[PDB]
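Student: Please find one structure pasted underneath; my questions will follow.
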Amino acid sequence: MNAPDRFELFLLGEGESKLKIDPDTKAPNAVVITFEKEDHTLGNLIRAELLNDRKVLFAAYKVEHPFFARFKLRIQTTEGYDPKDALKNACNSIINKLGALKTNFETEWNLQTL
Amino acid sequence: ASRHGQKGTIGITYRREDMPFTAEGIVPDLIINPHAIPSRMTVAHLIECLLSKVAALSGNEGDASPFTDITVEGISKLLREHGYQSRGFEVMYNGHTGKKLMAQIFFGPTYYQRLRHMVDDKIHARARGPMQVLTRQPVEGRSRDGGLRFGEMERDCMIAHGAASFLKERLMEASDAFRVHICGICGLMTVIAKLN
Amino acid sequence: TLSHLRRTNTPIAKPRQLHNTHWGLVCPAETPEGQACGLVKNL
Amino acid sequence: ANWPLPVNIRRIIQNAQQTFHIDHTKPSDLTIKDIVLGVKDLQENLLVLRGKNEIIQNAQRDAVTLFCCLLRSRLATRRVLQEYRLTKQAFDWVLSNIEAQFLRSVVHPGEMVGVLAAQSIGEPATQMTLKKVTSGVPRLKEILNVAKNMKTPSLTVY
Amino acid sequence: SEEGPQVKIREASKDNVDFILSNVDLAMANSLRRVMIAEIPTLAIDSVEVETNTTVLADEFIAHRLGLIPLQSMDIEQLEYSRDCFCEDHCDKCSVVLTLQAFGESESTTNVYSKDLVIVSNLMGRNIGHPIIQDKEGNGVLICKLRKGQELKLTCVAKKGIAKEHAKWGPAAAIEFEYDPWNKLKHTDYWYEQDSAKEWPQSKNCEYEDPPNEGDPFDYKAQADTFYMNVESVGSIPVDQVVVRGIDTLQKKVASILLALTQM
Amino acid sequence: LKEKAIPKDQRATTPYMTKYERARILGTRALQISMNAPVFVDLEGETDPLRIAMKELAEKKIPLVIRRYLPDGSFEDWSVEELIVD
Amino acid sequence: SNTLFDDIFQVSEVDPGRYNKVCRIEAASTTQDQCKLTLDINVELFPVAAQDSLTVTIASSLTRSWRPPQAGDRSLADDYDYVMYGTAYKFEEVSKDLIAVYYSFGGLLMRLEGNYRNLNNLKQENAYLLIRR
Amino acid sequence: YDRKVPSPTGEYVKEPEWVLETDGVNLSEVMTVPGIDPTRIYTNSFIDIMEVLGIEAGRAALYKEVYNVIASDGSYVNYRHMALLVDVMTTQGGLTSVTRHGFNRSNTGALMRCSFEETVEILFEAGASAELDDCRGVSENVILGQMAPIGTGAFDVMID
Amino acid sequence: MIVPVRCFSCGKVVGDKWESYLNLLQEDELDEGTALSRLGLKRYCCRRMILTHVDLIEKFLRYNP
Amino acid sequence: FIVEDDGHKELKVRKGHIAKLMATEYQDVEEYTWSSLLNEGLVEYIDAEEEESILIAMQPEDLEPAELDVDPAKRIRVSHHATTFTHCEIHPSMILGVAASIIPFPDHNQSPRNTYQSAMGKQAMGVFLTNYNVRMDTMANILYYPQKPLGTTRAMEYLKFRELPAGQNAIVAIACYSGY
Amino acid sequence: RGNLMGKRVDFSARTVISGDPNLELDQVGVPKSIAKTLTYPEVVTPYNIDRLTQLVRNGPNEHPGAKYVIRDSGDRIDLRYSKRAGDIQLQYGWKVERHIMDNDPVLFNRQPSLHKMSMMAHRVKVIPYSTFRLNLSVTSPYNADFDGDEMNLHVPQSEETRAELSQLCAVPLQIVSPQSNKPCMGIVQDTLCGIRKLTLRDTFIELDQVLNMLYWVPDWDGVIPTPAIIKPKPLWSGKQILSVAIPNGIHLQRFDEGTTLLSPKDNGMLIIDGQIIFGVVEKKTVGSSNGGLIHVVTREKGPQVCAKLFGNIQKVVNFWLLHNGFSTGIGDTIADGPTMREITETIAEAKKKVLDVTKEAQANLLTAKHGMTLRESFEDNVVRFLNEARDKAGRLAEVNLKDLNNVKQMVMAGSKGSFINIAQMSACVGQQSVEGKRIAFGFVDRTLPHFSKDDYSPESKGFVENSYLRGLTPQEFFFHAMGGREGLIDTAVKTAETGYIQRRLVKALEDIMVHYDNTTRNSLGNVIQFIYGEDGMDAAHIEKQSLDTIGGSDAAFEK
RNA sequence: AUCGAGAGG
Ligand SMILES: Nc1ncnc2c1ncn2[C@@H]1O[C@H](COP(=O)(O)CP(=O)(O)OP(=O)(O)O)[C@@H](O)[C@H]1O
Ligand SMILES: [Mg+2]
Ligand SMILES: [Zn+2]
Ligand SMILES: [Zn+2]
Ligand SMILES: [Zn+2]
């Protein structure tokens, strides 16, 4: 009855930016990004890869409510270093890893016989 | 609800990827909070989980008959023969993260029953609504778009709070308000007032 | 349906309490809650 | 000793030594006279009935007698310097904070003392659930309604 | 091969593929599992219209069953979401239309299988909508049973969808994870009345990793890079394509984040 | 009856505002703010009448006098500015 | 900005109670009767041999948000195998001219009594414990 | 019974004491009996205590047994509420029960009285004796719908 | 009422097995567990759908109207 | 059941009688029915007043002569220390009513919880009859895929609950999670 | 009784309630359709007029919207059906019946209205699903639980009424109850179970989990606490992560039998400036108590800070417990074999003692005490023997229970469970009691027809030797059923009686209130008490404080 | 509406 339509959680809505960026108040070089129409699947990779980078001081994500799917990511980096650059570097490294693994597993599958 | 008197309302629904998963990939259809069990002292729920898992793996129907000599140790020996842990506790991984849970989690098949009481069927609300004529007060029941009763106990609960104007608004303006004319010598409603 | 088919009512030394005499004839626990407890029982 | 009392003096003391960082080695700056005089003045300060007339003043003195006893117990001049390294500023802040908390702790006029008391008794009574003495809700009913007969009359002689 | 993660596949089947994933942070594998379960898109009947139903089963029940029926989705990438198309209700490019008609001509009950469903819309030379049969007999999955004198006739519109909207579109059934089987990382605390080793069952994957030694101290620095997994396919999409499509879906999500950032 | 009022000198009501009377004053001030009555404090990003009334209480600018009755019928009057709120 | 106290202590006995990761350690200052220390340790993080003699140091430094350890960019404050951060709750005297220091490092309790240093180990929020094999 | 007593040094001490319990109560004769302490005697029944000694003593005993029924279940209630109820019973004449007769014999407003029980009879007696109700009671203004002189309503608010 | 299409937990298709499953136990006097193993339903989640379900459809068929 | 002298007191009902009753069960030779057992005198009907004179035994095996390494898990059973039972209970589960006979291992649970479950079985969703689609009912509710319970009472066989269940065997996890 | 003081009310709602850990304690999860049905009249004002107009353009069906508009004349304008619903231009002074929007006072009610805390004002958060969602900590004052319970909600229709609800009926004000000198609200759930586990010195958080948990705290200032252990690896105690949630400048001290300043057992607590020095958190630490943590935080900081503290503790503990996991288990009920056999020999010793006492009663050698029947003394002795047997078996089980035992965890935290529950499920369920006596012979001289005549032995008397795990015997089942049936009868009659008692109490003294002279009197003026409580002080401020003068020796007093 | 029945906390 009152339940929201399922399509909302995988598809974006009207007037909704995918990413909204707001600097953290009373924090140095820190900013929170409100990923919209996303879930834990996307957030965990970003947090882990930001934590791998030495220049990224902070890496955490949270869901404000399990009801609707949005997640906030907090990033704090070294002075003289833009947080968005850290996010994009982590994303690109993720993509490179995905490609490498897919090629290796495709070769293994072709090697496999069934 | 389930047998053994456990009563539950699903506060939320979780897709399978969000939910925790076992090593074999089996995710529980439902998950229940532990704290309900110790106060109720219903061991048969746990033994039902155990015997139902044993029966599902063995293909042999489980005997839930009372006054029958069934040893929990024996059923756990059978479950160990199947390869799952004797107590039925199984290692589980958090769905959101993928990390192994520090404490192993006990899940097994269990019979559950849906109940007549349905939330969507039960919800009721009322703005300015239909009023029964005799008291000029809200009608009874959800079916007649009625208004909930302000119990006397509720009246007192508001009385001791000190919300005098809140009680006045809820008990005069919200329901059966009326304006009447009284003549001073009479002290009664007899006086007929022509407003035009 | 079956439990409604097999129903007893006691209109009203303490009737509600389960009696030793009820063994083997009346179910020990199949009694409704509220005011109906004890007075109404299933065979 | 353990009894319900207002203002919770010991907590004010812990807040005193943490709000003002306290060095144990340094001697207290408080003269002996000031502690006693301030405690007496504070006893005068903690007013609960506004009138200055002698009978309402006597009711006020009696009403605050127990609190004054506790205050004297925790503000003894030996106690103040020995247990803690009270400074004059810390002692004055404790005095003012005790006065403020006591003033907050006064009943607000107009509060429906009645219905509150009735429900205060009602709430645990619902919680009360089931050897030769009457107890429980039947005993409470006997207590509530003047009973010419008690189910368990008893007399304890010493 | 390529520096990065590496996969060594233990077993392979059209249904199940077993593999070993190495040099990976755990979060990556978990998020891939979530994408594989839900986010991979397939084709499924999003709309059923029944003209006649004489069966005992009610129409809504049947429509739910039809939604859960598996349909081939190997060429699903060439098909486009119904909401993304410009058609009034559905387009031959965005939706696939099927028809099902059956009558219990025999006094013996005649069943309804997935082989009985037929397709109206133009294939356009793409492998989409073929009923999927893993049955040895070749008969499809049962939908209803028809006594003599029972006729059912209906038309199905099948659209593209993602399992997050509804569980039917999910391409995979069971995903099997196992990391740190010896519990060297001690990420879990075992429960035992007398002995952990006796009561607990040793994992199968546990035999592939090297056994620990008690005398050696617990390595604090250690983090697990070796994982053991098994993927299951309903047959709508082959296993290798399912996992590769999960990889591509995750990379597309990341790219969409990057593109939103460039617009920012 | 007449001159039931206690004089201002030696007032015996509580200097602290009872929570009930601050609540009533805030309610009435919020009512008149929602009624578009003039506001005597500058507002900084506030559109809700009750929050405006709270700010006015902090500024102590709100003019009104509480009539505090006594059981005999005598009434003592306390202006808002005289009352102290903690 | 220097170390508050240095010494070498040999553990009389090690006993973990109701915890697997955290043990309790007892020792006294070598050659000195006045100083003895007892405190909690993570033996899983750093194994503590029975009858082992270990060096123990307490330092004030080397607020400000913690930063992940720069990979050699900042030189190590110590080669010591083990280190902890803690804060003192109260300092008492077991007797006149006999001092006792009470500390808690992340809930892991520490107590050392001794008169060999009175000015040092002064009550302060900042305190660090360094232990070498 | 173990009882707390001041030691010679002033500390707590606990000395055993012989106490006797009786299944019937006739206090007036029992207290005059020698060999008993007249100051330590206690009885379950409040009414006998009120008749024998005085109304304040009965009030204290009543509060004591209410305290007992509260503490048997382990629950705790702060003294002021029980004291208010006990004094409500105690203040007038002897002891006034919380029953229909307990409240109805009071000369309070007729409507507050009629709310509890015997509604029509109370209203009838008020009508026959031409009883005047002040309308100051809370339930009377609840029935009138006017805001009760309660909390917020007690104090009047006047403009400058 | 009729054989579930897929196990709610497993997600694997389970309807296609049912028609064979019955024949497996009647033709060869097979144990239910060995029959479920022959079907390939290793997990107990997919096993419970086959073992617990009962075909109420057959009773429903008997009514001519 | 009826107990009478044989030289030990032995149950009147014997093995061959059970075999004949099972043979008549299989066909559905001469009919063996409960009326046949009553006329044979192998069983009797006892009201409440008549129970006072009689003496009963829960388990038939108690009548067999007595005489260690008993398994620890088995529940403690007091040696009867009694003789001259007139009758033996057919099976204890028969005291339970219809709603209670559904409950699994009620002997291992507190009785009030069994009572509460007996109250909820009435509210349980279920297929009341196979004629539902033909019948017109003011309110009718039925499960999409009803399934028989995994653990069943023996009495459940005669309750026809397995044939016409009213619940789902769902995988149940006892676990702490989000907190809802 | 039922129409003047029990009037049905306009602008009311009712729903099944479920609990939301992420939902703030102050808020309630009002469903969207309820908020659509519920209207608040608002006069159009220059500050809000823009917003108001926008709502009317959205329409009644979608929230934020509005159902009705009222002109200066008062002729109604219906937004659902009207030709002008789209082109409205609001003139000043008009009324708009806005939908119920977030951060609006509402009145939340649980059906047994025996308590002021049952009827309390909440903020509103409009939420999709149809269940009302409340915080887990707000269940206790309402006595509510999510076993299908239904709760009510009301909406004020005037501005001064909203102010009364917010200034008097707000949840934060009612956090400290007048009765009991104790807070109502407490943290009693999985949160309470896992707070103990997190505070364990054994438990240690890792950098990634530390950052996520720190971020979870809403008021988090951004300080990264220094790890408790650094050189081997950066690790954080659960105490530090929890101390992030503790407000600055608060000090708590807990003393029990084992609270050494060393505190090897880690019992008790010490907090200075919002930092937890030592201890393991438990029900006394957090759950509502005189001088509790919520009590101190409410007293010093204020109510809003303590409500935020509720929220923060719940968030942190719930995340940590979610990542750590926990479960009840059947194995948690199962006990060691040797301990079980020790329990059985305990039972046998009790049986032999009962046998010997009965044999003495047979020889008429025992002499009764004054005022006691010989049968009464025999019954009392056997009853006490069986009670001691049950309690001893439970104690053996509890010593045999290990720390990993999950029921033991729940009991140690105080979230759920009791010693009697553990004992009944583990070793022996005890002796059954009917009408204050052991099981009686309903049949003449036999409790059951199977039992022999004139049997006073414990099995006939209804003492159940078996545990819940072991399996009750049929006779024991019937005896237990008799006991449970008496319990149900008692609960029903008790609810009726307590309702009548509370009604009579409330009607008796409803009038009495403190007047402006601080005397407590009625409408007629008769003074019940000259000073409320004889001190004239609000009950919430009062807390138990020790008096040093009353106790101790004269010598210690002097020193 | 009336009466009654059942049921939920
Ligand atoms: N503080 C508490 N609040 C609510 N339920 C509690 C409770 N403590 C224990 N319970 C549980 O309440 C259950 C009893 O069932 P019910 O009486 O129907 C709910 P209740 O809140 O106790 O009274 P109610 O009937 O007025 O709702 C017990 O199983 C018990 O575990
Ligand atoms: Mg409930
Ligand atoms: Zn007139
Ligand atoms: Zn299209
Ligand atoms: Zn499955």
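The way I read the labels, and the way they are meant: chains A, B, ... in the order of the structure tokens, residue 1 as the first residue of every chain, and ligand 1 as the first ligand shown, with later ones counted on from there.
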Please give the complete set of residues from region 27-138 of chain H that DSSP, run on the backbone, assigns to alpha helix (DSSP H), formatted as a PyMOL selection string.
Tutor: chain H and resi 27-32+46-52+55-72+79-90+100-104+110-116+119-128+138
Student: Show me, as number ranges by chain, the residues of chain F whose atoms get within 9 Å of chain K, using only C-alpha atoms for the distance check.
Tutor: F: 12-14, 19-20, 22-31, 33-36, 46-50, 68-72
Student: According to DSSP computed on the backbone, where in region 67-260 of chain E is there strand (DSSP E)? Give the residues as a PyMOL selection string.
Tutor: chain E and resi 71-73+95-103+110-111+118-119+128-131+145-146+151-162+172-179+227-233
Student: Please provide the set of residues having any atom within 10 Å of residue 14 (chain C), restricted to only C-alpha atoms (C1' of nucleotides), with same-chain residues fewer than 2 positions apart removed, written as a PyMOL selection string.
Tutor: chain C and resi 16-19+38-39
Student: Output N, CA, C and O atoms for every residue in the selection just made, as a compact mmCIF listing (two decimals), in the first residue's frame.
Tutor:
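Output saved as part-v5.txt:
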# COMPACT_ATOMS: atom_id res chain seq x y z
N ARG C 16 -12.13 -22.09 36.62
CA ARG C 16 -11.13 -21.80 35.60
C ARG C 16 -9.92 -22.72 35.71
O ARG C 16 -9.32 -23.10 34.69
N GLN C 17 -9.53 -23.08 36.93
CA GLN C 17 -8.33 -23.87 37.14
C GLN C 17 -8.47 -25.24 36.50
O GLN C 17 -9.51 -25.89 36.62
N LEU C 18 -7.42 -25.67 35.81
CA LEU C 18 -7.40 -27.02 35.26
C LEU C 18 -7.45 -28.04 36.39
O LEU C 18 -6.72 -27.93 37.38
N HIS C 19 -8.32 -29.04 36.24
CA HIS C 19 -8.57 -30.03 37.28
C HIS C 19 -7.89 -31.34 36.93
O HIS C 19 -7.74 -31.69 35.75
N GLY C 38 -10.25 -20.83 31.07
CA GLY C 38 -10.75 -21.81 32.01
C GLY C 38 -12.17 -22.25 31.74
O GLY C 38 -12.44 -23.44 31.59
N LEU C 39 -13.09 -21.28 31.69
CA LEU C 39 -14.50 -21.61 31.46
C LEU C 39 -14.70 -22.33 30.14
O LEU C 39 -15.48 -23.28 30.05
Student: Kindly work out which residues sit at most 7 Å from ligand 5, using only C-alpha atoms (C1' of nucleotides) and all ligand atoms, and give the list as an MDAnalysis selection string.
Tutor: (chainID B and resid 26) or (chainID I and resid 7:12 43:47)
Student: Taking only C-alpha atoms into account, what are the residues of chain I at most 8 Å from chain J, put as a list in words?
Tutor: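 Result, ordered by chain then number: residues 1, 2, 3, 4, 9, 45, 48, 49, 52, 53, 54, 56, 59, 60 and 65 of chain I.
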Student: What does the file look like for those residues with C-alpha atoms, as a compact mmCIF listing (two decimals), in the first residue's frame?
Tutor:
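Output saved as selection-v5.txt:
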# COMPACT_ATOMS: atom_id res chain seq x y z
CA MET I 1 -1.05 -25.48 -4.26
CA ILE I 2 1.30 -26.29 -7.13
CA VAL I 3 5.03 -27.01 -7.30
CA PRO I 4 6.98 -23.80 -6.56
CA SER I 9 16.24 -18.94 -0.59
CA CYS I 45 16.86 -24.68 0.99
CA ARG I 48 12.67 -28.17 1.45
CA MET I 49 10.59 -26.79 -1.44
CA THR I 52 7.52 -30.01 2.14
CA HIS I 53 5.26 -28.94 -0.75
CA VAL I 54 2.09 -30.91 -1.46
CA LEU I 56 -3.32 -29.47 -3.73
CA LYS I 59 -7.85 -32.28 -5.39
CA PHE I 60 -8.85 -29.04 -7.12
CA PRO I 65 -17.29 -26.97 -12.63
Student: Please indicate the distance in Å from CA of residue 254 (chain E) to CA of residue 38 (chain A), rounded to one decimal place.
Tutor: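 About the pair CA of residue 254 (chain E) and CA of residue 38 (chain A): they are 11.1 Å apart.
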Student: Residues of chain D within 6 Å of chain K, using only C-alpha atoms, as a VMD selection string?
Tutor: chain D and resid 1 to 6 63 105 to 107 109 to 115 118 to 120 122 to 123 126
Student: Would you output that residue set with C-alpha atoms, as an mmCIF file, in the first residue's frame?
Tutor:
data_model
loop_
_atom_site.group_PDB
_atom_site.id
_atom_site.type_symbol
_atom_site.label_atom_id
_atom_site.label_comp_id
_atom_site.auth_asym_id
_atom_site.auth_seq_id
_atom_site.Cartn_x
_atom_site.Cartn_y
_atom_site.Cartn_z
ATOM 1 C CA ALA D 1 22.213 6.784 55.096
ATOM 2 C CA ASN D 2 21.100 6.276 51.486
ATOM 3 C CA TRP D 3 18.074 8.557 51.084
ATOM 4 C CA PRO D 4 16.557 10.625 48.246
ATOM 5 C CA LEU D 5 17.956 14.164 48.458
ATOM 6 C CA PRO D 6 18.256 17.059 45.987
ATOM 7 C CA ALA D 63 11.607 21.868 55.192
ATOM 8 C CA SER D 105 14.479 21.419 42.163
ATOM 9 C CA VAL D 106 11.498 23.306 43.626
ATOM 10 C CA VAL D 107 8.061 22.113 42.528
ATOM 11 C CA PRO D 109 3.192 25.670 41.112
ATOM 12 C CA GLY D 110 0.159 24.411 39.230
ATOM 13 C CA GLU D 111 1.500 20.900 38.674
ATOM 14 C CA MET D 112 -1.294 18.362 39.187
ATOM 15 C CA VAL D 113 0.290 16.635 42.159
ATOM 16 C CA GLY D 114 -2.804 14.378 42.448
ATOM 17 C CA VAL D 115 -3.078 12.606 39.103
ATOM 18 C CA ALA D 118 -2.258 8.292 41.439
ATOM 19 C CA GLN D 119 -0.491 7.104 38.296
ATOM 20 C CA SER D 120 2.793 6.718 40.189
ATOM 21 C CA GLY D 122 -0.854 2.668 39.399
ATOM 22 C CA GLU D 123 2.131 1.845 37.180
ATOM 23 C CA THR D 126 -0.024 -3.461 36.949
#
Student: Compute the set of protein, DNA and RNA residues whose minimum atom distance to ligand 3 is at most 8 Å, using only C-alpha atoms (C1' of nucleotides) and all ligand atoms, and state it as a VMD selection string.
Tutor: chain B and resid 182 to 191
Student: Set the cut-off to 8 Å, count only C-alpha atoms (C1' of nucleotides) and all ligand atoms, and list whatever residues fall near ligand 4 as a short mmCIF file (atom, residue, chain, number, x, y, z; two decimals) with C-alpha atoms, in the first residue's frame.
Tutor:
data_model
loop_
_atom_site.label_atom_id
_atom_site.label_comp_id
_atom_site.auth_asym_id
_atom_site.auth_seq_id
_atom_site.Cartn_x
_atom_site.Cartn_y
_atom_site.Cartn_z
CA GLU E 80 16.89 -1.82 -24.26
CA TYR E 81 14.82 -1.02 -21.19
CA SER E 82 11.15 -0.30 -21.86
CA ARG E 83 11.43 3.00 -19.96
CA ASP E 84 14.43 3.98 -22.12
CA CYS E 85 12.55 3.43 -25.41
CA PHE E 86 10.20 5.88 -27.17
CA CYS E 87 7.40 3.35 -27.69
CA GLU E 88 3.94 4.17 -26.36
CA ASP E 89 3.73 0.95 -24.33
CA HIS E 90 6.32 -1.44 -25.77
CA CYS E 91 8.56 -1.70 -28.83
CA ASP E 92 9.81 -4.75 -30.70
CA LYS E 93 13.32 -3.54 -29.78
CA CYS E 94 12.55 -3.02 -26.09
CA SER E 95 10.07 -5.83 -25.28
#
Student: Report as a compact mmCIF listing (two decimals) with N, CA, C and O atoms, in the first residue's frame all protein, DNA and RNA residues lying within 6 Å of region 143-150 of chain H, evaluated on only C-alpha atoms (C1' of nucleotides), omitting residues in the same chain fewer than 6 positions from it.
Tutor:
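So the final result, stored in result_6.txt, reads:
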# COMPACT_ATOMS: atom_id res chain seq x y z
N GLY B 162 -0.53 19.16 32.47
CA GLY B 162 -0.78 20.58 32.51
C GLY B 162 -1.21 21.20 31.20
O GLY B 162 -1.31 22.43 31.12
N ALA B 164 -3.73 22.20 29.61
CA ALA B 164 -5.14 22.55 29.77
C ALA B 164 -5.75 23.00 28.45
O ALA B 164 -6.86 22.59 28.10
N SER B 165 -5.04 23.85 27.70
CA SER B 165 -5.56 24.30 26.41
C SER B 165 -5.56 23.17 25.39
O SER B 165 -6.46 23.12 24.54
N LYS B 168 -8.58 21.26 26.20
CA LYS B 168 -9.77 22.03 25.81
C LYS B 168 -9.99 21.96 24.30
O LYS B 168 -11.12 21.76 23.84
N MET B 172 -13.22 20.13 23.09
CA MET B 172 -14.27 21.06 22.69
C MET B 172 -14.25 21.35 21.20
O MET B 172 -15.24 21.07 20.52
N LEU K 4 -18.79 12.58 27.75
CA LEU K 4 -18.27 13.86 28.20
C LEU K 4 -16.78 13.80 28.53
O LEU K 4 -16.03 14.71 28.17
Student: Show me which residues line ligand 1, defined as having an atom within 8 Å of a ligand atom where only C-alpha atoms (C1' of nucleotides) and all ligand atoms count, and present them as a ChimeraX atom specification.
Tutor: /B:36,39-40 /K:111-112,139-140,143-145,149 /L:9
Student: Just want the 9 Å neighbourhood of residue 86 (chain B), counted on only C-alpha atoms (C1' of nucleotides), with same-chain residues fewer than 3 positions away dropped. Output as a compact mmCIF listing (two decimals) with N, CA and C atoms, in the first residue's frame.
Tutor:
# COMPACT_ATOMS: atom_id res chain seq x y z
N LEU B 50 16.92 -27.71 14.62
CA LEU B 50 17.87 -28.81 14.48
C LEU B 50 17.26 -29.98 13.71
N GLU B 73 21.37 -34.81 21.58
CA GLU B 73 22.69 -35.30 21.22
C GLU B 73 22.64 -36.22 20.01
N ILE B 75 20.35 -36.23 17.51
CA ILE B 75 20.07 -35.42 16.32
C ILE B 75 21.32 -34.65 15.91
N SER B 76 22.08 -34.16 16.88
CA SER B 76 23.33 -33.48 16.57
C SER B 76 24.37 -34.44 16.00
N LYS B 77 24.37 -35.70 16.45
CA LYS B 77 25.25 -36.70 15.83
C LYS B 77 24.88 -36.92 14.37
N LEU B 78 23.58 -36.99 14.08
CA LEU B 78 23.14 -37.10 12.69
C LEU B 78 23.59 -35.89 11.88
N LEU B 79 23.43 -34.69 12.45
CA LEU B 79 23.81 -33.47 11.74
C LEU B 79 25.32 -33.43 11.50
N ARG B 80 26.11 -33.92 12.46
CA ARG B 80 27.55 -34.04 12.26
C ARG B 80 27.86 -35.03 11.15
N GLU B 81 27.12 -36.14 11.09
CA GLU B 81 27.26 -37.05 9.96
C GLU B 81 26.99 -36.34 8.64
N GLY B 83 27.68 -33.22 8.12
CA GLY B 83 28.79 -32.31 7.93
C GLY B 83 28.60 -30.94 8.54
N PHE B 89 24.98 -24.32 14.72
CA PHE B 89 25.60 -23.02 14.54
C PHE B 89 26.45 -23.05 13.29
N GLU E 199 34.30 -30.39 17.25
CA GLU E 199 32.93 -30.00 16.94
C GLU E 199 32.83 -29.32 15.58
N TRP E 200 33.82 -28.52 15.23
CA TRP E 200 33.68 -27.78 13.99
C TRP E 200 34.13 -28.62 12.80
N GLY K 331 22.79 -25.05 21.66
CA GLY K 331 23.96 -25.44 22.42
C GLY K 331 24.20 -24.57 23.63
Student: Got a sec to pull out which chain K residues are within 12 Å of chain A, counting only C-alpha atoms, and send them as a VMD selection string?
Tutor: chain K and resid 20 to 24 29 to 36 126 to 133 207 to 224 315 to 316 319
Student: What's the 10 Å shell around residue 13 (chain I), counting only C-alpha atoms (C1' of nucleotides), without same-chain residues fewer than 6 positions away, as number ranges by chain?
Tutor: E: 68-70, 134, 141, 173, 234-235; I: 4-7, 41, 46
Student: May I have the selected residues written with C-alpha atoms, as an mmCIF file, in the first residue's frame?
Tutor:
data_model
loop_
_atom_site.group_PDB
_atom_site.id
_atom_site.type_symbol
_atom_site.label_atom_id
_atom_site.label_comp_id
_atom_site.auth_asym_id
_atom_site.auth_seq_id
_atom_site.Cartn_x
_atom_site.Cartn_y
_atom_site.Cartn_z
ATOM 1 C CA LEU E 68 9.615 -16.167 -12.164
ATOM 2 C CA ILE E 69 9.992 -18.304 -15.330
ATOM 3 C CA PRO E 70 13.526 -18.144 -16.817
ATOM 4 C CA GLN E 134 17.527 -28.219 -18.465
ATOM 5 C CA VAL E 141 8.898 -26.328 -15.976
ATOM 6 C CA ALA E 173 20.934 -18.745 -7.542
ATOM 7 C CA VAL E 234 19.933 -20.692 -13.799
ATOM 8 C CA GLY E 235 20.767 -21.224 -17.479
ATOM 9 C CA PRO I 4 6.981 -23.801 -6.561
ATOM 10 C CA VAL I 5 8.975 -22.540 -9.524
ATOM 11 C CA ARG I 6 12.078 -21.714 -7.461
ATOM 12 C CA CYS I 7 13.229 -22.038 -3.874
ATOM 13 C CA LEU I 41 19.374 -30.153 -4.991
ATOM 14 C CA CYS I 46 16.021 -26.109 -2.441
#
Student: List as a ChimeraX atom specification the protein and nucleic acid residues near residue 78 (chain A), meaning an atom at most 9 Å away when only C-alpha atoms (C1' of nucleotides) are counted, but skip any in the same chain fewer than 5 places from it.
Tutor: /A:28-29,55-57,83
